[PDB]
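Some notes on the structure that comes next.
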Amino acid sequence: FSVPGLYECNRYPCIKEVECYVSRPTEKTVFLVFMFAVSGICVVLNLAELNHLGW
Amino acid sequence: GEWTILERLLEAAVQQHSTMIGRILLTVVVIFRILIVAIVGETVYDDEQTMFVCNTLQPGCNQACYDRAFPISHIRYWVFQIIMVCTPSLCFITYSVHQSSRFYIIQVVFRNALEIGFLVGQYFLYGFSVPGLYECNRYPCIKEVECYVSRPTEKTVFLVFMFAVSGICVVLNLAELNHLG
Amino acid sequence: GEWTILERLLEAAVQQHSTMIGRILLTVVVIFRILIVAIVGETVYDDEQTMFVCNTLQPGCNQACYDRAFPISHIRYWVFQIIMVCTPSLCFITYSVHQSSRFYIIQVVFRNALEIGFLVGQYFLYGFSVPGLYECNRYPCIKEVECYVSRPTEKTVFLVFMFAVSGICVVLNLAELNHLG
Amino acid sequence: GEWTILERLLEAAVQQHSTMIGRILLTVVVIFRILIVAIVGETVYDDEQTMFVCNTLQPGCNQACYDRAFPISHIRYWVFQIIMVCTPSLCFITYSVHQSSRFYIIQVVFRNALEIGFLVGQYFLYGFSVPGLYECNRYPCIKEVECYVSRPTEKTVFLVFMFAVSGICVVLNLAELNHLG
Amino acid sequence: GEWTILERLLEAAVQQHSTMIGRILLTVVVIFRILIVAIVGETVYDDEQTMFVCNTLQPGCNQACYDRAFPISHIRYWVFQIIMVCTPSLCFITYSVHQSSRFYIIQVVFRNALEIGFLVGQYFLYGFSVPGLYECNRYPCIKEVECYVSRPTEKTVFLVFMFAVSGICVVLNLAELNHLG
Ligand SMILES: CCCCCCCCCCC(CCCCCCCCCC)(CO[C@@H]1O[C@H](CO)[C@@H](O[C@H]2O[C@H](CO)[C@@H](O)[C@H](O)[C@H]2O)[C@H](O)[C@H]1O)CO[C@@H]1O[C@H](CO)[C@@H](O[C@H]2O[C@H](CO)[C@@H](O)[C@H](O)[C@H]2O)[C@H](O)[C@H]1O
Ligand SMILES: CCCCCCCCCCC(CCCCCCCCCC)(CO[C@@H]1O[C@H](CO)[C@@H](O[C@H]2O[C@H](CO)[C@@H](O)[C@H](O)[C@H]2O)[C@H](O)[C@H]1O)CO[C@@H]1O[C@H](CO)[C@@H](O[C@H]2O[C@H](CO)[C@@H](O)[C@H](O)[C@H]2O)[C@H](O)[C@H]1O
Ligand SMILES: CCCCCCCCCCC(CCCCCCCCCC)(CO[C@@H]1O[C@H](CO)[C@@H](O[C@H]2O[C@H](CO)[C@@H](O)[C@H](O)[C@H]2O)[C@H](O)[C@H]1O)CO[C@@H]1O[C@H](CO)[C@@H](O[C@H]2O[C@H](CO)[C@@H](O)[C@H](O)[C@H]2O)[C@H](O)[C@H]1O
Ligand SMILES: CCCCCCCCCCC(CCCCCCCCCC)(CO[C@@H]1O[C@H](CO)[C@@H](O[C@H]2O[C@H](CO)[C@@H](O)[C@H](O)[C@H]2O)[C@H](O)[C@H]1O)CO[C@@H]1O[C@H](CO)[C@@H](O[C@H]2O[C@H](CO)[C@@H](O)[C@H](O)[C@H]2O)[C@H](O)[C@H]1O
């Protein structure tokens, strides 16, 4: 649901849990939430149609 | 430095009545302790903060991790050791003109104490080895970092040699003590 | 530097009538104060402006903050201290040739004054500690920045040792005073 | 440098008939002027061109602006001052053998002149202060630039101290001049 | 360094009864070994860690590969050699002040042993040459790297010359041994 501004990584070759930063961590959150909402609306409409039509 | 002042002071301080063991002790402290520190010493620890590098971009991690790893360089410790060990024999210059054996006893016991204390402090500060890796977790460094050391094999030898000499001198001091009552 | 001139001048200045306490004071000032500064001193404060770094890109923020943090290095303060404390004993070289006890009193009181003043100035300038962080708010630097220090644990020891020696010498001077009337 | 040659030469030049005031003047010039320059001096002005930086990319602005700000370092001015002030007393080595009080008068006059001239030159060259900012408008720099200085508080002290010593010596010289006629 | 202390100690240690071969040995150790190390030596090995570079970006490969290639610089090995070889003759002062031939035998034996041991150690540590390439496979370096050396032709000469001198001295010591029984 969100995108933070700090990630701690411990992968090779990185030595022992270094820190890494991020770019534009606030537009991506908005875009996430927006698309989630749209997809939910589509889900609801399809469900209502199926019910109205189905047995 | 200026090691000639100490030379002249000593040359004026050794005109004192002693015994075989005191002369042996003076010989040992003069050859294996001074002539090594005066000549071979200053050039090993001259590039200790310049070739010490950590793996990070944070300004202020190298200084902190150095000060945390080597709070005091060995060479200064040994210089102080030499001076404080030779003092009780320098006080004779002051005690002489006053009159113009008891003092022997006092000197001996104080030398025992100083030597033992310095050996113990040496074991508790540095140890027996100097490795080529350190892990540092002091502000501003981020949670831990690896820091690398310079010439870590040419200092271990010094450490061991000095430990041996100190042990020998402690033994000789105790021997001179038991020869007293 | 050239510390032999001082050696010869002193060796010619100590041919004076003194008492136990004056000789003890001379011994202390000679061993625990000079021989340390001459030998162990110059190499600690040699990389003080080169390893001092602040967190900024502004040109001229390191020089200002340095000058604001360490306006005067410790070693030069101590050198000046030594010279000004030894002067009254040097004036004898002149008084004697002029005459070829009162002077004793004058020397004593002046030594008292100088020692006390220098100890107080030491407490008011530097303090008891040297930390590894400084906050700077002096032009050209932007309102406030952080600046880091080098070897902040090897200078605190010097500070403390010198404070102790100065205290002891003040005590001895006052003792010699009360022995006068 | 080699300050022992001067020591020996002087030690062979002071075997001359003088009075209280001449000896006081010699003492002052020897303690507060020579021992300060020999020991504390050479090390302050060692990083004067390396830590002087201007705010520009033009190659050749730092050199020009330095040469325009500090045409001559203080320490060499003071060395020259010392030598030229001690000269009239060295010429006794040459007059002695040739004779194997008039000379006294000539010495005194020339000492007066040299001391006054050097004090006035000090006033007109450097001043009473050393600031941490300079404005430079010399080719190749573009019409003006700010240039920053290193250790601007450790040199003001030297300036003031030397001004005071010079004033005292001028006073003593005039006192000796008003003692003959 | 301060090589005058050794000079005075020796000048006081050679007032001993010897024979042709001891004097020849002293001459050789004094000319071809001391005067070469005091003057020409300290300046060749001053840029040994600063001009040693490996082909990699990993921080901490140069220090490790250096410490693995040159664990100890030749010059300090030779200094130690000189001191330990001259000791048995320095130990005559104490015996002299004590008595105020057997000793000759003991000195000779110990000199034989020390010389042979140091020659063999030289063979086993460094060798007969110093090349301009090294292959390093020590952490943190990745599985291998080439590392390049500075002035690799000015040190081979020193090595060879010192090997020759040591051989000659061993020969002379054995010759003096067979002269007794
Ligand atoms: C880095 C600087 C280190 C400083 C190194 C300075 C070197 C010291 C040299 C040795 C030294 C100090 C003590 C040595 C122990 C330490 C060994 C050092 C080992 C270092 C490698 C001996 O010191 C003696 O110790 C005696 C102790 O009993 C003492 O005797 C006292 O006990 C009584 C009982 O109470 C007491 O009442 C009373 O007051 C004393 O009778 C003597 O007074 C004292 O002179 C001083 O050297 C003395 O002077 C010369 C130069 O040496 C040397 O040669 C001279 O005589 C030769 C006649 O043939 C001949 O050559 C020449 O005429 C001449 O040249 C002397 O022979 C030597 O004696
Ligand atoms: C880094 C720069 C520091 C330089 C350090 C220089 C070392 C100084 C050495 C001590 C020193 C200065 C004062 C010491 C106090 C400070 C202690 C320092 C401690 C430092 C660790 C003593 O000074 C004496 O002080 C006396 C004060 O009363 C004074 O006596 C006056 O009181 C009257 C009352 O009015 C007054 O009227 C009148 O004028 C005086 O009668 C003497 O004239 C004066 O010589 C000078 O040393 C003197 O010379 C030799 C070398 O020492 C030493 O050995 C010599 O004699 C030995 C006979 O066996 C024997 O060996 C040899 O024949 C010979 O070799 C002497 O024994 C020593 O005396
Ligand atoms: C950085 C290098 C600086 C160099 C520093 C060198 C130190 C100088 C020491 C003082 C000094 C120079 C002048 C001092 C003024 C400047 C003060 C300096 C202040 C600095 C802190 C005095 O100089 C004297 O000046 C007199 C002026 O009148 C002159 O007298 C002339 O006037 C006549 C009238 O015409 C004229 O005809 C005629 O020719 C002279 O009769 C003398 O000949 C002359 O010797 C030379 O020192 C002399 O030698 C020894 C060592 O000092 C000192 O100790 C010795 O005697 C003691 C007997 O107890 C005793 O200890 C010992 O036996 C012995 O050891 C002497 O006592 C001292 O005298
Ligand atoms: C980097 C530091 C190195 C230090 C270098 C110091 C230089 C040493 C100089 C040589 C040296 C040390 C030994 C030399 C061997 C090593 C060669 C070194 C080669 C280096 C390039 C000789 O040493 C002698 O050795 C003899 C051994 O037998 C010994 O004799 C013993 O045997 C007995 C049997 O038991 C025994 O009982 C008993 O005790 C002794 O009788 C002597 O006592 C001893 O003095 C000391 O020098 C001595 O003093 C002067 C200065 O030299 C020199 O000139 C003086 O005499 C000249 C009369 O014309 C004339 O000029 C002048 O009056 C005067 O000036 C002397 O002539 C010279 O003798």
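Laboratory data are not the source of any read-out in this text; all were calculated from the coordinates shown. Counting neighbours? That spans all protein chains shown, and the Cβs are built from the backbone with ideal geometry, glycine included.
Out of the stretch E:66-121, which residues are charged (D, E, K, R) and over 22 Å from residue B:25 (Cα atoms)?
E:67, E:68, E:76, E:102, E:115
Condition first: on the phi > 0 side of the Ramachandran plot and of a type in the set (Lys, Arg). Now tell me which residues in the stretch C:108-148 satisfy that.
none
Filtering the stretch C:1-18 down to residues that are β-branched (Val, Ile, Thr) and within 14 Å of chain D (Cβ to nearest Cβ), which residue is farthest from ligand 3 (Cβ to nearest atom)?
We begin by selecting, within the stretch C:1-18, every residue β-branched (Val, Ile, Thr); these are C:4-5, C:14.
Next, only the ones that are within 14 Å of chain D (Cβ to nearest Cβ) stay: C:4-5.
Details: C:4: 10, C:5: 5 Å.
Per the criteria, the residue is C:4.
Of the conditions (1) under 24 Å from residue D:125 (Cα atoms); (2) in contact with a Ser or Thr (Cβ under 8 Å, 6 or more places away or on another chain), residue D:80 fails just one. Which one is it?
The one condition residue D:80 does not meet is (2).
State all residues of the stretch D:121-151 that are more than 14 Å from chain C (Cβ to nearest Cβ) and under 26 Å from the mean Cα position of the chain (by Cα); if no residue qualifies, say none. Walk me through how you get there before you give the answer.
Filtering the stretch D:121-151 for residues more than 14 Å from chain C (Cβ to nearest Cβ) gives D:121-128, D:137-144.
Hits for the stretch D:121-151 are D:121, D:122, D:123, D:124, D:125, D:126, D:127, D:128.
Got a sec? Which helices (runs of 4 or more DSSP H) wholly within the stretch B:38-130 have at least 2 residues that are among the basic types (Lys, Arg) and out of contact with any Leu (no Cβ under 7 Å at 6 or more places or on another chain)? Spell out how you get there, then give the answer.
Working: elements: B:61-69, B:74-99, B:102-125.
Correct list: B:102-125.
Could you grab me the full set of residues in the stretch C:83-136 that are of a type in the set (D, E, K, R), farther than 30 Å from residue C:65 by Cα and more than 16 Å from ligand 2 (Cβ to nearest atom)?
Listed by number, the list holds a single entry, C:115.
Which one is surrounded by the fewest Cβ atoms within 10 Å (Cβ to Cβ), of the residues in the stretch E:1-43 that are of a type in the set (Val, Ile, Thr) and within 13 Å of the chain's Cα centre (by Cα)?
Restricting to residues being of a type in the set (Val, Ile, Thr) and within 13 Å of the chain's Cα centre (by Cα), the top hit is E:36.
Has the stretch A:31-53 got any residue that is under 30 Å from residue B:137 (Cα atoms), out of contact with any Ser or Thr (no Cβ under 8 Å at 6 or more places or on another chain), outside any strand (DSSP E or B) and of a type in the set (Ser, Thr, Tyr)?
Checked the stretch A:31-53: no residue is under 30 Å from residue B:137 (Cα atoms), out of contact with any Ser or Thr (no Cβ under 8 Å at 6 or more places or on another chain), outside any strand (DSSP E or B) and of a type in the set (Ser, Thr, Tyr).
Does any residue of the stretch C:42-55 turn out to be touching a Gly at 6+ places or on another chain (Cβ under 8 Å) and within 16 Å of ligand 2 (Cβ to nearest atom)?
Checked against the condition, which is being touching a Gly at 6+ places or on another chain (Cβ under 8 Å) and within 16 Å of ligand 2 (Cβ to nearest atom), the stretch C:42-55 yields no hits at all.
Looking at the stretch C:15-26, can you tell me whether even one residue there is farther than 23 Å from residue D:27 by Cβ and near ligand 2 (Cβ under 8 Å from one of its atoms)? It would help to see each step written out before you state the result.
Kept after step one, since they are farther than 23 Å from residue D:27 by Cβ, are these residues of the stretch C:15-26: C:19-21, C:23-24.
Now narrow it down to the ones that are near ligand 2 (Cβ under 8 Å from one of its atoms): C:23.
Scanning the stretch C:15-26 turns up at least one residue that is farther than 23 Å from residue D:27 by Cβ and near ligand 2 (Cβ under 8 Å from one of its atoms).
What are the residues in the stretch A:1-30 that are aromatic (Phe, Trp, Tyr) and more than 28 Å from residue B:141 (Cβ to Cβ), if any?
Passing the criteria: only A:1.
Kindly list, by first and then second residue, each pair from a residue in the stretch B:19-34 that is more than 9 Å from chain E (Cβ to nearest Cβ) to a residue that is among the β-branched types (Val, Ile, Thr) and within 16 Å of ligand 2 (Cβ to nearest atom), limited to pairs with Cβ atoms under 9 Å and residues at least 6 apart or on different chains.
Hits for this filter: B:29/B:82; B:29/B:85; B:33/B:82; B:33/B:85.
Please enumerate the residues belonging to the stretch B:55-79 that are buried (at least 20 other Cβ atoms within 10 Å of the Cβ), more than 29 Å from the chain's Cα centre (by Cα) and under 15 Å from residue C:132 (Cβ atoms).
Within the stretch B:55-79, just B:60 meets the criteria.
Of the residues that sit in the stretch D:44-58 and are polar (S, T, N, Q) and more than 8 Å from chain C (Cβ to nearest Cβ), which one is nearest to ligand 4 (Cβ to nearest atom)?
Among them, the one singled out is D:50.
Of all residues in the stretch E:81-109, which are more than 14 Å from chain B (Cβ to nearest Cβ) and within 14 Å of ligand 4 (Cβ to nearest atom)? Step through it out loud before you land on a result.
Of the residues in the stretch E:81-109, the ones more than 14 Å from chain B (Cβ to nearest Cβ) are E:101-109.
Within the stretch E:81-109, E:101, E:103, E:104 meet the criteria.
When only residues in the stretch B:152-164 that are within 30 Å of residue B:107 (Cα to Cα) and surrounded by fewer than 17 Cβ atoms within 10 Å (Cβ to Cβ) count, which is farthest from the other protein chains (Cβ to nearest Cβ)?
Applying the first criterion (within 30 Å of residue B:107 (Cα to Cα)) to the stretch B:152-164 yields B:158-164.
From what's left, surrounded by fewer than 17 Cβ atoms within 10 Å (Cβ to Cβ): B:159-161, B:163-164.
Details: B:159: 14, B:160: 13, B:161: 10, B:163: 17, B:164: 14 Å.
In this case the residue turns out to be B:163.
So which residues in the stretch D:1-29 are β-branched (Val, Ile, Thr) and over 23 Å from residue D:179 (Cα atoms)?
Within the stretch D:1-29, D:4, D:5 qualify.
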